[PDB]
Amino acid sequence: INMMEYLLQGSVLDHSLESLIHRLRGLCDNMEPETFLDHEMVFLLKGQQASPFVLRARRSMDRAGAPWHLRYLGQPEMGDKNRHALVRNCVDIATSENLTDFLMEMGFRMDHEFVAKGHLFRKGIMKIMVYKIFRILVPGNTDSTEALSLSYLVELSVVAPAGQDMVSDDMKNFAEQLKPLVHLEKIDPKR
Amino acid sequence: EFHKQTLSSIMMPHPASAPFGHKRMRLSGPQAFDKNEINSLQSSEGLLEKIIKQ
Amino acid sequence: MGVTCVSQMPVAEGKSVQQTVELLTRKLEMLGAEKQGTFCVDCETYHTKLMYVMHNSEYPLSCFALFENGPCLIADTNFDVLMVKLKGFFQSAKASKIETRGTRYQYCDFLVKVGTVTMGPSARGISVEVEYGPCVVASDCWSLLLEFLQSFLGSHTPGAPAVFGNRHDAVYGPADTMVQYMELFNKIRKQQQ
């Protein structure tokens with residue numbers, strides 16, 4: 001079956017973040033911060049589809065054994081099944097370095113980029129990650145980058161299979177522990 | 001050590017696209033393991049058989 | 001993985017397709033080789049560019065996706081989920097069930113995959129495949145496989161596989177043996193009969 005997601009957005013300044021991670025080790029199990037760093041690359045297929053087959057491929061240069069992973073996400077959904085999280089259509093496959101040269105055949109090209117570097121924590125199905133986004137100038141190299149923002153762009157993700165609804169109760173109840181610290185929202189990808 | 005697989009971080013891998021699992025079974029997807037390598041890594045052994053073997 | 005030799009031998013004026021297969025199996029029992037089960041390689045073509053989206057029972061997780069002659073993707077299950085979504089870039093192109101079905105045998109870490117070739121239900125050939133386990137590097141153990149071929153085939157002893165022309169000193173890959181299987185399928189699909 002085809003799986004779907006649940007995304008919660010936000011932006012928190014780094015000076016007030018130090019208390020928030022104190023909660024992350026105060027309720028979850030004994031995990032430590034990771035500070036993973038990935039390279040991100042936007043591609044698209046100009047097929048006969050009205051919406052171009054646009055996808056985002058990640059590759060972790062810091063960790064060996066993790067190959068190129070393509071993520072093709074769908075349009076925003078206005079359904080009444082989930083009113084507080086993003087409902088998306090996604091297919092997620094990991095393939096080796098034969099991805100990038102193969103993508104040159106159908107005209108997958110330079111759209112934009114954003115370099116992700118930061119922490120990730122989990123509790124069951126919820127995955128909260130706090131990462132810096134980096135923008136490049138002269139996009140040929142990877143060293144001439146800078147901070148795209150000062151405020152940390154914090155995200156929360158929950159993965160689910162096709163169906164398997166009635167999830168907004170548990171995420172909201174677990175976020176009620178952190179409501180005075182964070183105010184998660186379901187923002188549109190546009191405007 | 002039987003508490004460790006309920007406590008360690010092997011089942012929390014680094015990537016966002018890999019939420020949980022083992023590294024060998026993640027390798028087995030792209031790099032398909034041999035039939036010996038499929039069943040060698042899995043191990044469900046009772047305590048008492050190890051005790052009587054010792 | 002291990003170095004593999006793949007070929008055809010026909011009915012060869014003796015009874016039917018499986019009579020020579022049974023002759024080879026009773027010759028192997030005279031040698032005394034034990035079995036390890038069965039095997040089957042199934043193929044299926046797609047086109048807009050000929051897509052060989054193909055499978056093997058030895059490694060069911062290994063979904064092979066090949067061009068006519070380009071790169072090969074030995075991909076997982078989710079690639080097969082993604083493959084359905086196009087349907088206009090790459091048409092189904094049905095009726096391509098050219099398969100090799102048979103049994104595997106073991107003799108002191110030596111493996112044999114021997115069986116018959118069918119175009120779905122109708123068998124019109126015999127697939128002969130010999131291999132060895134610890135053959136890591138390619139093009140270094142062909143004397144062993146040639147001796148094994150002349151040991152019990154007798155007539156129709158093959159030699160010089162097509163992937164042996166792809167000379168390299170690295171580890172032999174399952175893609176090489178797989179290539180050999182699709183070249184076998186190209187050899188059998190022409191005669192039909």
# chains A, B, ... in the order shown; residues from 1 in each chain; ligands from 1
$ interface_residues --of "chain A" --to "chain C" --cutoff "10 Å" --atoms "only C-alpha atoms" --output "PyMOL selection string"
chain A and resi 1-2+47-48+90-96+98-99+102
$ interface_residues --of "chain B" --to "chain A" --cutoff "8 Å" --atoms "only C-alpha atoms" --output "list in words"
residues 7, 8, 9, 14, 15, 17, 27 and 30 of chain B
$ write_last_selection --atoms "N, CA, C and O atoms" --output "tab-separated table (two decimals), in the first residue's frame"
chain	number	residue	atom	x	y	z
B	7	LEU	N	17.26	-0.89	25.11
B	7	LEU	CA	17.87	0.32	25.64
B	7	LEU	C	18.91	0.96	24.73
B	7	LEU	O	19.15	2.16	24.85
B	8	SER	N	19.51	0.21	23.80
B	8	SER	CA	20.61	0.74	23.00
B	8	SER	C	20.07	1.63	21.88
B	8	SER	O	18.89	1.98	21.84
B	9	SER	N	20.95	2.00	20.94
B	9	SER	CA	20.59	2.90	19.86
B	9	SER	C	20.81	2.29	18.48
B	9	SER	O	20.88	3.03	17.49
B	14	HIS	N	20.73	6.81	11.91
B	14	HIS	CA	20.88	8.23	11.59
B	14	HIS	C	19.88	8.82	10.58
B	14	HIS	O	19.41	9.94	10.84
B	15	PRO	N	19.53	8.19	9.45
B	15	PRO	CA	18.79	8.94	8.43
B	15	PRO	C	17.33	9.14	8.80
B	15	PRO	O	16.74	8.38	9.57
B	17	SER	N	15.06	8.97	6.46
B	17	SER	CA	14.40	7.99	5.61
B	17	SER	C	14.49	6.57	6.15
B	17	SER	O	13.80	5.69	5.63
B	27	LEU	N	21.10	-3.09	4.47
B	27	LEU	CA	21.98	-3.43	3.36
B	27	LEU	C	21.33	-4.44	2.42
B	27	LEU	O	21.53	-4.38	1.20
B	30	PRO	N	19.16	-2.98	-1.14
B	30	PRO	CA	19.95	-2.75	-2.37
B	30	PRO	C	20.96	-3.85	-2.64
B	30	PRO	O	21.00	-4.40	-3.75
$ interface_residues --of "chain B" --to "chain C" --cutoff "12 Å" --atoms "only C-alpha atoms" --output "VMD selection string"
chain B and resid 25 to 38
$ residues_around --residues "residue 109 in chain A" --least-positions-apart "4" --cutoff "8 Å" --atoms "only C-alpha atoms" --output "list in words"
residues 42, 43, 44 and 104 of chain A
$ select_by_dssp --residues "chain C" --states "helix (DSSP H, G or I)" --output "count of residues only"
54
$ residues_around --residues "residue 109 in chain C" --least-positions-apart "6" --cutoff "12 Å" --atoms "only C-alpha atoms" --output "count of residues only"
10
$ decode --residues "range 21-149 of chain A" --atoms "C-alpha atoms" --output "PDB file, in the first residue's frame"
ATOM      1  CA  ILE A  21      16.141  19.619  24.813  1.00  0.00           C
ATOM      2  CA  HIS A  22      16.076  19.209  28.615  1.00  0.00           C
ATOM      3  CA  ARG A  23      12.532  17.935  28.142  1.00  0.00           C
ATOM      4  CA  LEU A  24      13.639  15.634  25.302  1.00  0.00           C
ATOM      5  CA  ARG A  25      15.901  13.648  27.635  1.00  0.00           C
ATOM      6  CA  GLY A  26      13.367  13.974  30.462  1.00  0.00           C
ATOM      7  CA  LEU A  27      10.508  11.967  28.960  1.00  0.00           C
ATOM      8  CA  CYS A  28      11.999   9.765  26.234  1.00  0.00           C
ATOM      9  CA  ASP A  29      14.452   6.890  26.710  1.00  0.00           C
ATOM     10  CA  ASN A  30      18.259   7.118  26.928  1.00  0.00           C
ATOM     11  CA  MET A  31      19.148   8.576  23.544  1.00  0.00           C
ATOM     12  CA  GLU A  32      21.894  11.130  22.909  1.00  0.00           C
ATOM     13  CA  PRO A  33      22.066  13.990  20.374  1.00  0.00           C
ATOM     14  CA  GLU A  34      23.265  13.007  16.907  1.00  0.00           C
ATOM     15  CA  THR A  35      23.812  16.208  14.839  1.00  0.00           C
ATOM     16  CA  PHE A  36      23.420  14.533  11.461  1.00  0.00           C
ATOM     17  CA  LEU A  37      24.271  16.429   8.272  1.00  0.00           C
ATOM     18  CA  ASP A  38      22.771  15.707   4.848  1.00  0.00           C
ATOM     19  CA  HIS A  39      23.126  17.031   1.319  1.00  0.00           C
ATOM     20  CA  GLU A  40      19.810  17.821  -0.360  1.00  0.00           C
ATOM     21  CA  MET A  41      19.129  18.156  -4.086  1.00  0.00           C
ATOM     22  CA  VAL A  42      15.875  19.098  -5.834  1.00  0.00           C
ATOM     23  CA  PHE A  43      15.031  17.463  -9.160  1.00  0.00           C
ATOM     24  CA  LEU A  44      11.950  17.280 -11.370  1.00  0.00           C
ATOM     25  CA  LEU A  45      10.621  15.381 -14.376  1.00  0.00           C
ATOM     26  CA  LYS A  46       8.963  17.436 -17.127  1.00  0.00           C
ATOM     27  CA  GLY A  47       6.550  14.688 -18.145  1.00  0.00           C
ATOM     28  CA  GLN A  48       3.064  14.919 -19.597  1.00  0.00           C
ATOM     29  CA  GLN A  49       1.664  15.331 -16.069  1.00  0.00           C
ATOM     30  CA  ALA A  50       0.217  18.774 -15.354  1.00  0.00           C
ATOM     31  CA  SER A  51       2.158  19.041 -12.110  1.00  0.00           C
ATOM     32  CA  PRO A  52       5.834  18.246 -12.814  1.00  0.00           C
ATOM     33  CA  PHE A  53       7.185  15.106 -11.158  1.00  0.00           C
ATOM     34  CA  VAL A  54       9.206  17.099  -8.625  1.00  0.00           C
ATOM     35  CA  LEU A  55      11.163  15.271  -5.927  1.00  0.00           C
ATOM     36  CA  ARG A  56      13.927  15.857  -3.387  1.00  0.00           C
ATOM     37  CA  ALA A  57      16.921  13.528  -3.029  1.00  0.00           C
ATOM     38  CA  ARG A  58      19.063  13.337   0.108  1.00  0.00           C
ATOM     39  CA  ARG A  59      22.516  11.860   0.660  1.00  0.00           C
ATOM     40  CA  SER A  60      24.410  11.694   3.962  1.00  0.00           C
ATOM     41  CA  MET A  61      28.093  12.361   3.288  1.00  0.00           C
ATOM     42  CA  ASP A  62      29.019  11.871   6.955  1.00  0.00           C
ATOM     43  CA  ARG A  63      27.739   8.287   7.266  1.00  0.00           C
ATOM     44  CA  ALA A  64      28.877   5.438   5.035  1.00  0.00           C
ATOM     45  CA  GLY A  65      26.333   2.862   3.920  1.00  0.00           C
ATOM     46  CA  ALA A  66      23.445   5.313   3.514  1.00  0.00           C
ATOM     47  CA  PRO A  67      22.808   5.639  -0.245  1.00  0.00           C
ATOM     48  CA  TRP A  68      20.965   8.287  -2.241  1.00  0.00           C
ATOM     49  CA  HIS A  69      17.340   8.462  -1.095  1.00  0.00           C
ATOM     50  CA  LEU A  70      14.680  10.025  -3.305  1.00  0.00           C
ATOM     51  CA  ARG A  71      11.515  11.485  -1.761  1.00  0.00           C
ATOM     52  CA  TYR A  72       8.635  12.281  -4.121  1.00  0.00           C
ATOM     53  CA  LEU A  73       5.968  14.141  -2.153  1.00  0.00           C
ATOM     54  CA  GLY A  74       2.504  15.094  -3.345  1.00  0.00           C
ATOM     55  CA  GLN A  75       0.342  18.197  -3.349  1.00  0.00           C
ATOM     56  CA  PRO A  76      -1.081  19.653  -0.109  1.00  0.00           C
ATOM     57  CA  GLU A  77      -4.314  18.028   1.054  1.00  0.00           C
ATOM     58  CA  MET A  78      -7.402  19.794   2.422  1.00  0.00           C
ATOM     59  CA  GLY A  79      -9.085  16.636   3.707  1.00  0.00           C
ATOM     60  CA  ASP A  80     -11.146  16.372   6.877  1.00  0.00           C
ATOM     61  CA  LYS A  81      -9.375  13.177   7.984  1.00  0.00           C
ATOM     62  CA  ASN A  82      -6.515  15.194   9.528  1.00  0.00           C
ATOM     63  CA  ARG A  83      -7.006  18.909  10.211  1.00  0.00           C
ATOM     64  CA  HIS A  84      -3.722  19.571  12.048  1.00  0.00           C
ATOM     65  CA  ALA A  85      -1.033  17.734  10.048  1.00  0.00           C
ATOM     66  CA  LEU A  86       0.084  17.608   6.432  1.00  0.00           C
ATOM     67  CA  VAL A  87      -1.337  14.672   4.457  1.00  0.00           C
ATOM     68  CA  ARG A  88       1.002  13.764   1.598  1.00  0.00           C
ATOM     69  CA  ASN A  89       1.546  11.058  -1.002  1.00  0.00           C
ATOM     70  CA  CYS A  90       5.092   9.703  -0.869  1.00  0.00           C
ATOM     71  CA  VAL A  91       7.194   6.871  -2.277  1.00  0.00           C
ATOM     72  CA  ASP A  92      10.592   6.451  -0.606  1.00  0.00           C
ATOM     73  CA  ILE A  93      13.306   4.229  -2.130  1.00  0.00           C
ATOM     74  CA  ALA A  94      17.061   4.185  -1.444  1.00  0.00           C
ATOM     75  CA  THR A  95      19.411   3.508  -4.372  1.00  0.00           C
ATOM     76  CA  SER A  96      23.160   3.786  -4.899  1.00  0.00           C
ATOM     77  CA  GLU A  97      25.239   6.365  -6.807  1.00  0.00           C
ATOM     78  CA  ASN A  98      23.588   5.146 -10.036  1.00  0.00           C
ATOM     79  CA  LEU A  99      20.738   7.544  -9.130  1.00  0.00           C
ATOM     80  CA  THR A 100      22.259  10.902 -10.083  1.00  0.00           C
ATOM     81  CA  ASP A 101      23.629   9.924 -13.504  1.00  0.00           C
ATOM     82  CA  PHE A 102      20.384   8.098 -14.321  1.00  0.00           C
ATOM     83  CA  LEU A 103      18.423  11.250 -13.448  1.00  0.00           C
ATOM     84  CA  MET A 104      20.347  13.152 -16.131  1.00  0.00           C
ATOM     85  CA  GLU A 105      18.547  11.118 -18.813  1.00  0.00           C
ATOM     86  CA  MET A 106      15.034  12.522 -18.226  1.00  0.00           C
ATOM     87  CA  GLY A 107      16.190  16.101 -17.657  1.00  0.00           C
ATOM     88  CA  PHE A 108      16.156  16.336 -13.861  1.00  0.00           C
ATOM     89  CA  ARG A 109      17.824  19.693 -13.264  1.00  0.00           C
ATOM     90  CA  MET A 110      18.846  22.502 -10.881  1.00  0.00           C
ATOM     91  CA  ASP A 111      15.803  23.759  -8.958  1.00  0.00           C
ATOM     92  CA  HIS A 112      17.140  24.858  -5.537  1.00  0.00           C
ATOM     93  CA  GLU A 113      18.793  23.425  -2.429  1.00  0.00           C
ATOM     94  CA  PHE A 114      18.888  23.562   1.361  1.00  0.00           C
ATOM     95  CA  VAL A 115      21.522  21.863   3.530  1.00  0.00           C
ATOM     96  CA  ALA A 116      20.182  20.202   6.685  1.00  0.00           C
ATOM     97  CA  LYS A 117      22.272  19.810   9.842  1.00  0.00           C
ATOM     98  CA  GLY A 118      20.920  19.126  13.309  1.00  0.00           C
ATOM     99  CA  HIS A 119      19.445  16.817  15.918  1.00  0.00           C
ATOM    100  CA  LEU A 120      16.688  14.213  15.668  1.00  0.00           C
ATOM    101  CA  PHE A 121      14.800  12.420  18.439  1.00  0.00           C
ATOM    102  CA  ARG A 122      12.020   9.848  18.440  1.00  0.00           C
ATOM    103  CA  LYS A 123       9.327   8.467  20.710  1.00  0.00           C
ATOM    104  CA  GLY A 124       7.449   5.607  19.085  1.00  0.00           C
ATOM    105  CA  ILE A 125       5.993   7.003  15.867  1.00  0.00           C
ATOM    106  CA  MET A 126       6.724  10.710  16.409  1.00  0.00           C
ATOM    107  CA  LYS A 127      10.092  12.018  15.174  1.00  0.00           C
ATOM    108  CA  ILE A 128      10.955  15.569  16.242  1.00  0.00           C
ATOM    109  CA  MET A 129      13.975  17.069  14.496  1.00  0.00           C
ATOM    110  CA  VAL A 130      15.662  20.417  15.108  1.00  0.00           C
ATOM    111  CA  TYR A 131      17.968  21.391  12.272  1.00  0.00           C
ATOM    112  CA  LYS A 132      19.764  24.312  10.653  1.00  0.00           C
ATOM    113  CA  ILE A 133      19.036  25.082   7.000  1.00  0.00           C
ATOM    114  CA  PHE A 134      21.979  26.346   4.940  1.00  0.00           C
ATOM    115  CA  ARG A 135      21.793  28.253   1.656  1.00  0.00           C
ATOM    116  CA  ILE A 136      24.525  28.155  -0.980  1.00  0.00           C
ATOM    117  CA  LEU A 137      26.001  30.941  -3.073  1.00  0.00           C
ATOM    118  CA  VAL A 138      27.736  29.949  -6.321  1.00  0.00           C
ATOM    119  CA  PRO A 139      25.971  26.540  -6.159  1.00  0.00           C
ATOM    120  CA  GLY A 140      28.807  24.690  -7.909  1.00  0.00           C
ATOM    121  CA  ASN A 141      30.630  24.140  -4.619  1.00  0.00           C
ATOM    122  CA  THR A 142      29.416  22.964  -1.211  1.00  0.00           C
ATOM    123  CA  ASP A 143      31.788  25.036   0.957  1.00  0.00           C
ATOM    124  CA  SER A 144      30.520  28.546   0.103  1.00  0.00           C
ATOM    125  CA  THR A 145      27.359  28.168   2.189  1.00  0.00           C
ATOM    126  CA  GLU A 146      25.757  30.239   4.932  1.00  0.00           C
ATOM    127  CA  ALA A 147      22.934  30.033   7.457  1.00  0.00           C
ATOM    128  CA  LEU A 148      19.634  30.456   5.613  1.00  0.00           C
ATOM    129  CA  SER A 149      18.076  31.490   8.939  1.00  0.00           C
TER     130      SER A 149
END
